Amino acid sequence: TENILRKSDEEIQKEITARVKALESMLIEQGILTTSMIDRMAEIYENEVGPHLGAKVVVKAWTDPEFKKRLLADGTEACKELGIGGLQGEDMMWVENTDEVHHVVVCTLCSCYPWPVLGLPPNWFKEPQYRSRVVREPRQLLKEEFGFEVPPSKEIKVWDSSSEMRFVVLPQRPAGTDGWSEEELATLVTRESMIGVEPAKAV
């Protein structure tokens, strides 16, 4: 929304860039930051860690009922079976969508998100518009913003992640996917489906 007080995006970016470079120069001289450290962090979260890891978990639960049980019992330890875990996902609890219950995850006070299974969160998840409203009008938010119609008789459980526990949605397996391989099924799992703002892909 326009704010008559606000500078242009180019001017804000120019100012932030100078401020960041100045701070970067000082932490470099302190010996606590280096160019290789910066490049390593960026490489991991650009090309290594992302929602394809979460998709592997979802498809295993869809095709392995015993794994699904372990996943819902202890999400951290179950994901460890696939070598998935670590920073900002040390404690994970998965919640299962059913015909009777729909789940959606948020941090109203912060931006907490399960990095090992989803990578870094999209900007909208961290911004005040989603965070403020999803705890108050989740049914209307899902419909208006994500085109996702949850019938009024179906319960919506909103998980406001106010601790280091990370909540992840196990979406329902779409109909018409009988006997698909895991690689076929993963094509239907999205980052949005593991937040709860959309279902898994149709067809």
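When you see a residue number, it is the position in the sequence shown, counting from 1.
- According to the PDB record, 140 to 148 carries the higher mean C-alpha B-factor of the two stretches 53 to 61 and 140 to 148.
- Taking the mean C-alpha B-factor of each stretch as recorded, 78 to 86 and 115 to 123 are not equal, and the higher mean is that of 78 to 86.
- Take 175, 37, 158, 26 and read off each C-alpha B-factor from the entry; 175 has the highest.
- In this PDB entry, residue 22 carries a Cα temperature factor that places it within the lowest third of its chain's modelled residues.
- Looking at the C-alpha B-factors along this chain, the one for residue 135 belongs to the lowest third.
- Among all modelled residues in this chain, the alpha-carbon of residue 186 has a temperature factor (C-alpha) in the highest third.
- Placement of the Cα temperature factor of residue 165 within the chain: highest third of the modelled residues, per the deposited record.
- When the CA B factors of the chain's modelled residues are split into thirds, the value for residue 105 lands in the lowest one.
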